[PDB]
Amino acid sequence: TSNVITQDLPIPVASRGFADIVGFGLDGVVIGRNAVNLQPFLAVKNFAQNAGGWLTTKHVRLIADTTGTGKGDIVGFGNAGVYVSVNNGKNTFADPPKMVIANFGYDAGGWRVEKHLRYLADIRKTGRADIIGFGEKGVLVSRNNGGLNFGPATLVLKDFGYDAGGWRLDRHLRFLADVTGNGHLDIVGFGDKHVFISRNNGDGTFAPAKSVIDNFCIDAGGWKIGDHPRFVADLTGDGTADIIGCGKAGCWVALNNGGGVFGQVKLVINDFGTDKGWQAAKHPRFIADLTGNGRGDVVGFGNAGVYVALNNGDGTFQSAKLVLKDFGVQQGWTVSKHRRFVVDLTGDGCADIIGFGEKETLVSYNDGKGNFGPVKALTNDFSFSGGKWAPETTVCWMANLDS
């Protein structure tokens, strides 16, 4: 398994553990701790549409451990900078939050959701998350120096920027993933003609980009942003991140075989591709371990419901099959109104299914083998409801509040 950060899933969730619900709703942050008696509570009256003036169009809202206690904190990139509400480890979050650095904000540094990416990750393997942003002139890192002291925002690499050179959210992808196995997140960029790796130097800097694959890109295979989603994930169990994507004809995989260098692209699954009806606008696909393997499996929310193809263990896959007649288009699920995730909720290393639906937060549990049990309702909260939880003005994530 690898700890991986993408654009669509910027909060890493443990392959084996009990994912918690974090909702940035209209009136504040609402926590649904994974627990025997689920009870959402308004934890912080901030970070919200109607409390603090937070907008999905201008701001980024996340969870990460900023103090090192192993407890996840609320983190938001607002106007004047980054704001942190600390988790005190006794189920209470600081309110009001503290502004921890005057950078990475809409007014401080001119960060834009339409041009730039902002991530939180422990890239120095020190137990706290640093701030890393793919900004204008390239990658800017701010080191987390303990007790909410964030060092200067610093240009550590003159690449992968909107203006260094030409990186666009409508053409390219930029992820963090350990492609070498040293436990440090490296940079993976899908550019125009090459997947590039920028290795992690261990000290908050990354080395210059090196081309590793001549596929999976807008001008190298014809891979378009929405239509052909791409992923980084350990598909072999060697602890290093491989590459997999859903094309036209199905799922192509490039296996990592040199601690950061890649084998040739192969079609491993005859499905999940546009050729079989899969559409950016309708059918989210994911990579998750559904078998406790340490290897990633393919999960797709299709028309009739949930499809899955299981990794044998070596990056080859069993045929796709329907495992659950729910959470698909048939049952009213839409990308505009609802959220779906594939995360372990039961600590068995076998990812489960959670959907924030029309009126209910629904779930189906992995039987521990990649099959799923009946759809159960967790709570009325976090659902679209009118929508009190519209994606336009709210944000829901799964996250392990205990690391």
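Numbers follow the displayed sequence, beginning with 1.
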Item checked: Segment of higher mean CA temperature factor, 75-83 or 198-206 -> 198-206
Notebook entry, point to check: What stretch has the higher average Cα B-factor here, 258-266 or 303-311?
Noted result: 258-266
Notebook entry, point to check: Which listed residue, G146, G135, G273, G151, has the largest C-alpha temperature factor in the record?
Noted result: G146
Notebook entry, point to check: Which has the highest CA B-factor per the PDB entry: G222, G189, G105, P96?
Noted result: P96
Check: Mind checking which third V4 falls in for C-alpha B-factor across the chain?
Finding: highest
Next item on the list: Looking at the entry's B-factor column for C-alpha atoms only, identify whether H283 ranks in the lowest, middle or highest third of its chain.
Entry: lowest
Next item on the list: Could you say whether, by C-alpha temperature factor, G68 belongs to the lowest, middle or highest third of its chain?
Entry: middle
Next item on the list: Rank-wise, by C-alpha B-factor, drop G181 into the lowest, middle or highest third of its chain.
Entry: highest
Next item on the list: For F216, return the chain-relative third of its C-alpha B-factor as stated in the PDB record: lowest, middle or highest.
Entry: highest
